[PDB]
Each structure stands twice: as C-alpha cells, then as structure tokens.
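A.B. asks: Structure: entry.pdb, PDB, C-alpha atoms and all ligand atoms.
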ATOM      1  CA  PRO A   1      75.742  87.187 121.292
ATOM      2  CA  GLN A   2      74.216  86.085 117.994
ATOM      3  CA  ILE A   3      71.723  83.214 118.312
ATOM      4  CA  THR A   4      70.699  81.033 115.375
ATOM      5  CA  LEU A   5      67.396  79.184 115.570
ATOM      6  CA  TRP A   6      68.243  75.571 114.682
ATOM      7  CA  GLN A   7      67.543  74.866 118.368
ATOM      8  CA  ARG A   8      65.334  76.545 120.960
ATOM      9  CA  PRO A   9      66.922  79.933 121.992
ATOM     10  CA  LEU A  10      67.327  79.045 125.665
ATOM     11  CA  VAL A  11      69.323  81.268 128.032
ATOM     12  CA  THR A  12      70.312  81.116 131.697
ATOM     13  CA  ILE A  13      68.531  83.712 133.848
ATOM     14  CA  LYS A  14      68.736  84.677 137.506
ATOM     15  CA  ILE A  15      65.613  85.964 139.265
ATOM     16  CA  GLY A  16      64.584  86.063 142.918
ATOM     17  CA  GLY A  17      67.865  84.458 143.936
ATOM     18  CA  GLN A  18      67.296  81.373 141.716
ATOM     19  CA  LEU A  19      68.846  80.085 138.498
ATOM     20  CA  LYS A  20      66.549  79.056 135.640
ATOM     21  CA  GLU A  21      66.542  78.453 131.912
ATOM     22  CA  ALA A  22      64.136  80.422 129.749
ATOM     23  CA  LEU A  23      63.166  80.770 126.103
ATOM     24  CA  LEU A  24      63.880  84.031 124.273
ATOM     25  CA  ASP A  25      60.468  84.508 122.706
ATOM     26  CA  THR A  26      59.781  87.232 120.120
ATOM     27  CA  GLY A  27      56.154  86.088 119.863
ATOM     28  CA  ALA A  28      55.505  86.749 123.560
ATOM     29  CA  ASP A  29      54.404  90.246 124.578
ATOM     30  CA  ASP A  30      55.166  89.632 128.276
ATOM     31  CA  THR A  31      57.441  87.493 130.423
ATOM     32  CA  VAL A  32      55.868  84.329 131.884
ATOM     33  CA  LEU A  33      57.713  82.105 134.371
ATOM     34  CA  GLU A  34      56.619  78.711 135.689
ATOM     35  CA  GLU A  35      55.506  78.429 139.309
ATOM     36  CA  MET A  36      58.273  79.801 141.507
ATOM     37  CA  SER A  37      58.505  81.657 144.804
ATOM     38  CA  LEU A  38      58.858  85.419 144.250
ATOM     39  CA  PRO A  39      59.018  87.847 147.198
ATOM     40  CA  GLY A  40      56.915  90.863 146.280
ATOM     41  CA  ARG A  41      53.210  91.675 146.114
ATOM     42  CA  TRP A  42      51.225  90.554 143.083
ATOM     43  CA  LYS A  43      47.969  91.075 141.152
ATOM     44  CA  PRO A  44      45.739  88.352 139.663
ATOM     45  CA  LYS A  45      45.705  88.290 135.871
ATOM     46  CA  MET A  46      44.620  86.136 132.934
ATOM     47  CA  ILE A  47      46.593  85.803 129.702
ATOM     48  CA  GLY A  48      45.819  84.070 126.428
ATOM     49  CA  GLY A  49      47.791  81.757 124.179
ATOM     50  CA  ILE A  50      47.340  78.892 121.713
ATOM     51  CA  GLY A  51      45.107  76.566 123.707
ATOM     52  CA  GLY A  52      43.195  79.132 125.744
ATOM     53  CA  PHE A  53      43.951  81.080 128.898
ATOM     54  CA  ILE A  54      45.830  80.694 132.169
ATOM     55  CA  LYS A  55      45.597  82.631 135.411
ATOM     56  CA  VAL A  56      48.872  84.193 136.541
ATOM     57  CA  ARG A  57      50.203  86.407 139.312
ATOM     58  CA  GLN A  58      51.653  89.670 138.035
ATOM     59  CA  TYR A  59      54.763  91.054 139.740
ATOM     60  CA  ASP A  60      56.026  94.492 138.701
ATOM     61  CA  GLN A  61      59.580  95.888 138.828
ATOM     62  CA  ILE A  62      61.228  92.481 139.199
ATOM     63  CA  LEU A  63      64.965  92.251 138.496
ATOM     64  CA  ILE A  64      66.128  89.551 136.040
ATOM     65  CA  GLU A  65      69.670  88.856 134.844
ATOM     66  CA  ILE A  66      69.264  87.334 131.341
ATOM     67  CA  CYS A  67      72.530  85.888 129.970
ATOM     68  CA  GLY A  68      74.525  88.506 131.889
ATOM     69  CA  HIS A  69      72.215  91.435 131.079
ATOM     70  CA  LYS A  70      70.165  93.035 133.847
ATOM     71  CA  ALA A  71      66.558  94.120 133.319
ATOM     72  CA  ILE A  72      63.673  95.209 135.532
ATOM     73  CA  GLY A  73      60.052  94.850 134.578
ATOM     74  CA  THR A  74      56.848  92.920 134.900
ATOM     75  CA  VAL A  75      56.982  89.168 135.399
ATOM     76  CA  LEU A  76      53.970  86.859 135.204
ATOM     77  CA  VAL A  77      53.991  83.642 137.226
ATOM     78  CA  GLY A  78      51.737  80.689 136.649
ATOM     79  CA  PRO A  79      51.215  77.405 134.842
ATOM     80  CA  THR A  80      53.179  78.038 131.699
ATOM     81  CA  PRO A  81      55.003  74.863 130.584
ATOM     82  CA  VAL A  82      58.113  76.828 129.479
ATOM     83  CA  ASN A  83      59.840  79.827 131.013
ATOM     84  CA  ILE A  84      59.378  82.631 128.469
ATOM     85  CA  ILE A  85      61.295  85.914 128.204
ATOM     86  CA  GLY A  86      58.946  88.251 126.315
ATOM     87  CA  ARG A  87      59.415  91.557 124.532
ATOM     88  CA  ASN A  88      58.959  93.735 127.636
ATOM     89  CA  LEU A  89      62.364  92.403 128.723
ATOM     90  CA  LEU A  90      63.935  91.651 125.326
ATOM     91  CA  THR A  91      63.889  95.346 124.436
ATOM     92  CA  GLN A  92      65.868  96.081 127.629
ATOM     93  CA  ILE A  93      68.743  93.751 126.740
ATOM     94  CA  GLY A  94      68.773  95.268 123.250
ATOM     95  CA  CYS A  95      67.585  92.082 121.529
ATOM     96  CA  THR A  96      66.821  92.303 117.781
ATOM     97  CA  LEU A  97      65.861  90.000 114.907
ATOM     98  CA  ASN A  98      68.063  89.959 111.812
ATOM     99  CA  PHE A  99      67.671  88.373 108.390
TER     100      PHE A  99
ATOM    101  CA  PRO B   1      66.076  93.734 107.744
ATOM    102  CA  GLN B   2      66.901  94.320 111.410
ATOM    103  CA  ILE B   3      63.795  94.210 113.609
ATOM    104  CA  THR B   4      63.612  95.716 117.084
ATOM    105  CA  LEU B   5      61.038  94.352 119.510
ATOM    106  CA  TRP B   6      59.306  97.538 120.719
ATOM    107  CA  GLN B   7      56.252  96.314 118.769
ATOM    108  CA  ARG B   8      55.130  92.859 117.633
ATOM    109  CA  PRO B   9      57.459  91.601 114.840
ATOM    110  CA  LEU B  10      54.809  91.296 112.139
ATOM    111  CA  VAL B  11      55.605  90.508 108.498
ATOM    112  CA  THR B  12      53.564  90.127 105.336
ATOM    113  CA  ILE B  13      53.484  86.584 103.958
ATOM    114  CA  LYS B  14      52.145  85.020 100.781
ATOM    115  CA  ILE B  15      50.889  81.451 101.174
ATOM    116  CA  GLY B  16      48.533  79.501  98.944
ATOM    117  CA  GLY B  17      47.992  82.576  96.767
ATOM    118  CA  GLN B  18      46.750  84.615  99.770
ATOM    119  CA  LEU B  19      48.326  87.582 101.550
ATOM    120  CA  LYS B  20      48.480  87.445 105.346
ATOM    121  CA  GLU B  21      50.264  89.031 108.275
ATOM    122  CA  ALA B  22      52.213  86.782 110.639
ATOM    123  CA  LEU B  23      54.388  87.027 113.758
ATOM    124  CA  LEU B  24      58.093  86.180 113.672
ATOM    125  CA  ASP B  25      58.137  83.925 116.736
ATOM    126  CA  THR B  26      61.408  82.525 118.143
ATOM    127  CA  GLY B  27      59.391  80.773 120.838
ATOM    128  CA  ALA B  28      57.470  78.666 118.318
ATOM    129  CA  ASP B  29      59.008  75.411 117.114
ATOM    130  CA  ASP B  30      56.512  75.172 114.264
ATOM    131  CA  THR B  31      54.526  77.458 111.990
ATOM    132  CA  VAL B  32      50.827  77.609 112.814
ATOM    133  CA  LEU B  33      48.347  79.576 110.709
ATOM    134  CA  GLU B  34      44.756  80.585 111.462
ATOM    135  CA  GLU B  35      41.984  78.787 109.598
ATOM    136  CA  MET B  36      42.566  79.203 105.886
ATOM    137  CA  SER B  37      41.917  77.374 102.634
ATOM    138  CA  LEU B  38      44.996  75.340 101.751
ATOM    139  CA  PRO B  39      45.228  72.779  98.934
ATOM    140  CA  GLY B  40      46.624  69.283  99.243
ATOM    141  CA  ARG B  41      46.686  66.393 101.694
ATOM    142  CA  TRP B  42      47.062  66.742 105.453
ATOM    143  CA  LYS B  43      47.656  64.695 108.676
ATOM    144  CA  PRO B  44      45.709  65.463 111.884
ATOM    145  CA  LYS B  45      47.912  66.701 114.722
ATOM    146  CA  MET B  46      47.605  68.198 118.203
ATOM    147  CA  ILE B  47      50.010  70.806 119.572
ATOM    148  CA  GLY B  48      50.461  72.419 122.975
ATOM    149  CA  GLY B  49      50.819  76.024 124.087
ATOM    150  CA  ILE B  50      50.308  78.252 127.118
ATOM    151  CA  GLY B  51      46.617  77.508 127.759
ATOM    152  CA  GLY B  52      46.350  73.881 126.640
ATOM    153  CA  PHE B  53      46.222  72.125 123.260
ATOM    154  CA  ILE B  54      44.599  72.596 119.857
ATOM    155  CA  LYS B  55      44.008  70.200 116.984
ATOM    156  CA  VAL B  56      45.556  71.423 113.728
ATOM    157  CA  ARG B  57      45.959  70.045 110.229
ATOM    158  CA  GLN B  58      49.545  69.439 109.168
ATOM    159  CA  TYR B  59      50.574  70.206 105.590
ATOM    160  CA  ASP B  60      54.143  69.406 104.526
ATOM    161  CA  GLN B  61      56.195  70.961 101.710
ATOM    162  CA  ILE B  62      54.196  74.217 101.632
ATOM    163  CA  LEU B  63      55.668  77.269  99.926
ATOM    164  CA  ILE B  64      55.577  80.509 101.952
ATOM    165  CA  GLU B  65      57.013  83.853 100.918
ATOM    166  CA  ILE B  66      57.937  85.627 104.174
ATOM    167  CA  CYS B  67      58.940  89.284 103.814
ATOM    168  CA  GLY B  68      60.124  88.420 100.290
ATOM    169  CA  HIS B  69      62.158  85.347 101.311
ATOM    170  CA  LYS B  70      60.861  82.028 100.010
ATOM    171  CA  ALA B  71      60.723  78.974 102.251
ATOM    172  CA  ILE B  72      59.263  75.478 102.037
ATOM    173  CA  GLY B  73      58.266  73.369 104.975
ATOM    174  CA  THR B  74      55.556  72.225 107.295
ATOM    175  CA  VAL B  75      52.591  74.472 108.033
ATOM    176  CA  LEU B  76      50.033  73.693 110.733
ATOM    177  CA  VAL B  77      46.524  75.063 110.261
ATOM    178  CA  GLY B  78      43.953  75.547 112.974
ATOM    179  CA  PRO B  79      42.453  77.742 115.689
ATOM    180  CA  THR B  80      45.454  79.862 116.598
ATOM    181  CA  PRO B  81      44.523  83.482 117.431
ATOM    182  CA  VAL B  82      47.537  84.888 115.526
ATOM    183  CA  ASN B  83      49.497  83.554 112.573
ATOM    184  CA  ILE B  84      52.916  82.413 113.850
ATOM    185  CA  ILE B  85      56.073  81.840 111.788
ATOM    186  CA  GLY B  86      58.072  79.292 113.817
ATOM    187  CA  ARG B  87      61.719  78.233 113.819
ATOM    188  CA  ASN B  88      61.240  75.500 111.177
ATOM    189  CA  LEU B  89      60.838  78.355 108.674
ATOM    190  CA  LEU B  90      62.887  81.062 110.436
ATOM    191  CA  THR B  91      66.093  79.078 109.949
ATOM    192  CA  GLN B  92      65.331  78.943 106.211
ATOM    193  CA  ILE B  93      65.379  82.720 105.808
ATOM    194  CA  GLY B  94      68.553  83.144 107.865
ATOM    195  CA  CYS B  95      66.814  84.714 110.836
ATOM    196  CA  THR B  96      68.869  85.194 114.015
ATOM    197  CA  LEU B  97      68.552  86.810 117.447
ATOM    198  CA  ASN B  98      71.147  89.415 118.402
ATOM    199  CA  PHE B  99      71.910  91.349 121.579
TER     200      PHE B  99
HETATM  201  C1  LIG C   1      51.079  82.142 120.608
HETATM  202  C2  LIG C   1      51.897  83.430 120.741
HETATM  203  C3  LIG C   1      51.118  84.590 120.121
HETATM  204  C4  LIG C   1      52.131  83.740 122.219
HETATM  205  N1  LIG C   1      52.753  82.599 122.901
HETATM  206  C5  LIG C   1      54.224  82.706 122.849
HETATM  207  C6  LIG C   1      54.784  81.604 121.952
HETATM  208  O1  LIG C   1      56.169  81.793 121.775
HETATM  209  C7  LIG C   1      54.613  80.257 122.633
HETATM  210  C8  LIG C   1      55.623  80.156 123.771
HETATM  211  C9  LIG C   1      55.555  78.740 124.331
HETATM  212  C10 LIG C   1      56.588  77.837 124.111
HETATM  213  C11 LIG C   1      56.504  76.551 124.623
HETATM  214  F1  LIG C   1      57.528  75.678 124.392
HETATM  215  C12 LIG C   1      55.384  76.161 125.351
HETATM  216  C13 LIG C   1      54.356  77.075 125.565
HETATM  217  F2  LIG C   1      53.299  76.749 126.239
HETATM  218  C14 LIG C   1      54.440  78.360 125.056
HETATM  219  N2  LIG C   1      54.935  79.193 121.686
HETATM  220  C15 LIG C   1      54.060  78.261 121.305
HETATM  221  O2  LIG C   1      52.897  78.283 121.700
HETATM  222  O3  LIG C   1      54.482  77.312 120.439
HETATM  223  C16 LIG C   1      53.661  76.167 120.323
HETATM  224  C17 LIG C   1      53.118  76.189 118.914
HETATM  225  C18 LIG C   1      54.332  76.161 117.971
HETATM  226  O4  LIG C   1      55.075  74.915 118.136
HETATM  227  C19 LIG C   1      55.590  74.722 119.487
HETATM  228  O5  LIG C   1      56.513  75.724 119.935
HETATM  229  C20 LIG C   1      56.678  75.399 121.343
HETATM  230  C21 LIG C   1      55.301  74.860 121.791
HETATM  231  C22 LIG C   1      54.474  74.858 120.508
HETATM  232  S1  LIG C   1      52.219  82.476 124.469
HETATM  233  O6  LIG C   1      53.199  81.598 125.240
HETATM  234  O7  LIG C   1      50.837  81.846 124.482
HETATM  235  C23 LIG C   1      52.171  84.082 125.263
HETATM  236  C24 LIG C   1      53.292  84.580 125.911
HETATM  237  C25 LIG C   1      53.207  85.839 126.507
HETATM  238  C26 LIG C   1      52.088  86.559 126.467
HETATM  239  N3  LIG C   1      51.861  87.781 127.000
HETATM  240  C27 LIG C   1      50.619  88.244 126.802
HETATM  241  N4  LIG C   1      50.158  89.427 127.226
HETATM  242  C28 LIG C   1      48.733  89.711 127.476
HETATM  243  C29 LIG C   1      48.612  90.821 128.528
HETATM  244  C30 LIG C   1      48.066  90.189 126.186
HETATM  245  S2  LIG C   1      49.804  87.157 125.967
HETATM  246  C31 LIG C   1      51.004  86.056 125.838
HETATM  247  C32 LIG C   1      51.022  84.862 125.250
END
Represent the supplied structure as structure tokens.
C.D. replies:
Amino acid sequence: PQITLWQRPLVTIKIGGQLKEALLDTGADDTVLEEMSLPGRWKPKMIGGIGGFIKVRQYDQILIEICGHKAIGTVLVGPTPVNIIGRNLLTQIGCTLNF
Amino acid sequence: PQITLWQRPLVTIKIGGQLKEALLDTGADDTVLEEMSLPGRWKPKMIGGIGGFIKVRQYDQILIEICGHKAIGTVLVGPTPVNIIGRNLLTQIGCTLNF
C-alpha cells in the first residue's frame, strides 16, 4: 500500500501468536514491542531515545507478519509506550519513503 | 526522491539561516530539533518518548527547507539526541510510505 502521514502510520501485525497494532517508524533503527510474552531465549540490552534509556530483552530471528508481509529479525521487548516497527524489519517488507 | 531504509533517512535542512542534518521520522508526531539559536517567541512544552520526557521550547510558524522543499509549522527545540522531522512537516512536503 501507499500510506500518507496525516495520521499515525499504524499497521496490524502478528507475532508470537498474538495480534497487535504497531507504528511504522522510519526514525527507529530497531523494532521495539511493549511487554508481551515471547517464547524464545533473550539477551539483556539498553536502548536510547528522546527521554533517556530503557532496558529491553532482545530476541533474534523472530517471525512477524506486518500488514500481510512476513519478516524475520530481531525484536526488542520492554517498556516502550508504542509498538514500533523499525528499519531492520521495514527493509524486509520493501518499505520506502517517497516525496 | 525515493528513499530506501537500509540506512537512516537523513536529509539536509535549512532553518533559521543554519544548515543541519535531520531524520525523516514517520514515528514522530512533531518536529524536534537539538539545541539551536532560533529567533522569536516560544511556549514551554514537555514531550514523551521511549525513555521518558524532555522539556522543549515550542516555536510556531517556523520556516524549514527540507531537502529543497519549503514547509512552515511548529518546531520543538530541546535536548533531543538527533534532529527529527515529524509528520506535522512530512505531510507538507508530500511524503508517503510505500511497500
Ligand atoms: C528519537 C528517534 C531517533 C528514535 N525513536 C523513534 C521515534 O520514532 C519515536 C517512536 C515513539 C513513538 C511514540 F508514539 C512513543 C514513543 F515513546 C516512541 N518517536 C518519538 O519519540 O516521538 C516523540 C517526539 C515527537 O512527537 C511525538 O511522536 C510520538 C511521541 C513523540 S525511539 O523510539 O526512541 C527508538 C526506536 C528504536 C531504536 N533502536 C535503537 N537501536 C539501538 C541499538 C541504537 S535506538 C532506538 C530508538
């Protein structure tokens, strides 16, 4: 699809058997999901944004279906206030910016 | 231009007579710029991101030239680590997401 930006670019995703909404975020290097129960093993990690840092659990090779497109990659889980799809997954669904 | 997301989507901007680099950020409602000398009046404001909140100064009706496209709107100034062009200005230059 083509998505204009008059509203937040929110898409339906499916990950770890659950349905969620997430923001398509070109300013996010990585994918950060709010607290949720993922199956695999994880690694502790800290990541930085506007107001400082948050600790997250890093899961690798996680499968996500973003608006009907499948992708596998790293997912970070922790106290983000918004589910964010970052560029590590946007490149897999072929996402681009156009103006 | 069409911009793929294999690297950060950085653009050159001109704002307040100064040249800066800034991120095209579909996950940002608003435009927030690192500390810089801007002329005019401003309202104190507090915005939230991944690690908490930051106080910024809010300037309205500010001219920005973004990759050669002119836009006018609200610019927030404060302790962001990267300059972010948010959706309030992205819509003005016709920017869309495509996949
Ligand atoms: C700041 C930017 C450079 C990175 N930010 C992505 C932005 O899109 C966030 C996304 C968001 C939306 C949201 F609604 C709430 C949030 F809390 C966060 N927007 C945002 O802060 O917007 C603020 C201000 C503009 O107005 C409003 O917009 C909505 C809220 C206000 S990040 O989330 O901090 C992030 C993500 C991934 C990531 N991966 C890493 N890798 C490491 C290894 C280096 S570092 C890193 C950091």
A.B. asks: Let me know the residues the PyMOL selection byres (((chain A and resi 23) around 12) and not hetatm) catches in the file above, as a CSV table (one decimal) with C-alpha atoms, keeping the file's coordinate frame.
C.D. replies:
chain,number,residue,atom,x,y,z
A,3,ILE,CA,71.7,83.2,118.3
A,5,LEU,CA,67.4,79.2,115.6
A,7,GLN,CA,67.5,74.9,118.4
A,8,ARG,CA,65.3,76.5,121.0
A,9,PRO,CA,66.9,79.9,122.0
A,10,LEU,CA,67.3,79.0,125.7
A,11,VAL,CA,69.3,81.3,128.0
A,12,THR,CA,70.3,81.1,131.7
A,13,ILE,CA,68.5,83.7,133.8
A,20,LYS,CA,66.5,79.1,135.6
A,21,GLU,CA,66.5,78.5,131.9
A,22,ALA,CA,64.1,80.4,129.7
A,24,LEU,CA,63.9,84.0,124.3
A,25,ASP,CA,60.5,84.5,122.7
A,26,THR,CA,59.8,87.2,120.1
A,27,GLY,CA,56.2,86.1,119.9
A,28,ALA,CA,55.5,86.7,123.6
A,31,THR,CA,57.4,87.5,130.4
A,32,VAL,CA,55.9,84.3,131.9
A,33,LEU,CA,57.7,82.1,134.4
A,34,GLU,CA,56.6,78.7,135.7
A,66,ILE,CA,69.3,87.3,131.3
A,67,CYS,CA,72.5,85.9,130.0
A,80,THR,CA,53.2,78.0,131.7
A,81,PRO,CA,55.0,74.9,130.6
A,82,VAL,CA,58.1,76.8,129.5
A,83,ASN,CA,59.8,79.8,131.0
A,84,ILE,CA,59.4,82.6,128.5
A,85,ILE,CA,61.3,85.9,128.2
A,86,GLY,CA,58.9,88.3,126.3
A,87,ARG,CA,59.4,91.6,124.5
A,89,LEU,CA,62.4,92.4,128.7
A,90,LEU,CA,63.9,91.7,125.3
B,25,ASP,CA,58.1,83.9,116.7
B,26,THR,CA,61.4,82.5,118.1
B,27,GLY,CA,59.4,80.8,120.8
B,28,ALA,CA,57.5,78.7,118.3
B,29,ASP,CA,59.0,75.4,117.1
B,97,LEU,CA,68.6,86.8,117.4
A.B. asks: Just so the selection is clear, what residues does the PyMOL selection byres (((chain B and resi 44) around 6) and not hetatm) cover here, as a list in words?
C.D. replies: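 Answer for the PyMOL selection byres (((chain B and resi 44) around 6) and not hetatm): residues 43, 45 and 57 of chain B.
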A.B. asks: With distances taken over only C-alpha atoms and all ligand atoms, which of A:65, A:30, A:55, A:93 is nearest to ligand LIG 1 (chain C)?
C.D. replies: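 That would be A:30, the residue with the smallest distance to ligand LIG 1 (chain C).
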A.B. asks: Under the rule that all atoms listed in the file are counted, which of A:48, A:59, A:42, A:35 is the nearest residue to ligand LIG 1 (chain C)?
C.D. replies: A:48
A.B. asks: What does the distance between CA of residue 47 (chain B) and atom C32 of ligand LIG 1 (chain C) come to in Å, to one decimal place?
C.D. replies: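 Separating CA of residue 47 (chain B) from atom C32 of ligand LIG 1 (chain C) is a distance of 15.2 Å.
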A.B. asks: Rank nothing, just name the residue among A:36, A:71, A:95, A:77 nearest to ligand LIG 1 (chain C), using all atoms listed in the file.
C.D. replies: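 Using all atoms listed in the file, the shortest distance to ligand LIG 1 (chain C) belongs to A:77.
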A.B. asks: Do you know which residues are at most 6 Å from residue 98 (chain A) counting all atoms listed in the file, after dropping those on the same chain fewer than 6 positions away, and could you put them as a ChimeraX atom specification?
C.D. replies: /B:1-2,95-96
A.B. asks: Out of B:62, B:18, B:99, B:51, which residue has the shortest atom-to-atom distance to ligand LIG 1 (chain C) when counting only C-alpha atoms and all ligand atoms?
C.D. replies: B:51
A.B. asks: Can you translate the PyMOL selection byres (((chain B and resi 16) around 8) and not hetatm) into the concrete residues it hits in this file, as a list in words?
C.D. replies: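 Applied to this file, the PyMOL selection byres (((chain B and resi 16) around 8) and not hetatm) returns residues 14, 15, 17, 18, 37, 38, 39, 63 and 64 of chain B.
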A.B. asks: By how many Å are atom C25 of ligand LIG 1 (chain C) and CA of residue 52 (chain A) apart?
C.D. replies: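 The value is 12.1 Å.
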A.B. asks: Which is closer to ligand LIG 1 (chain C) than all the others in B:60, B:91, B:54, B:40, using all atoms listed in the file?
C.D. replies: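 Looking only at the distances to ligand LIG 1 (chain C), the closest residue turns out to be B:54.
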A.B. asks: Taking every listed atom of ligand LIG 1 (chain C) and adding 6 Å to each side, what centre and edge lengths in Å (one decimal) does the axis-aligned box have, as AutoDock Vina command-line options?
C.D. replies:
--center_x 52.8 --center_y 82.8 --center_z 123.2 --size_x 21.5 --size_y 28.1 --size_z 22.6
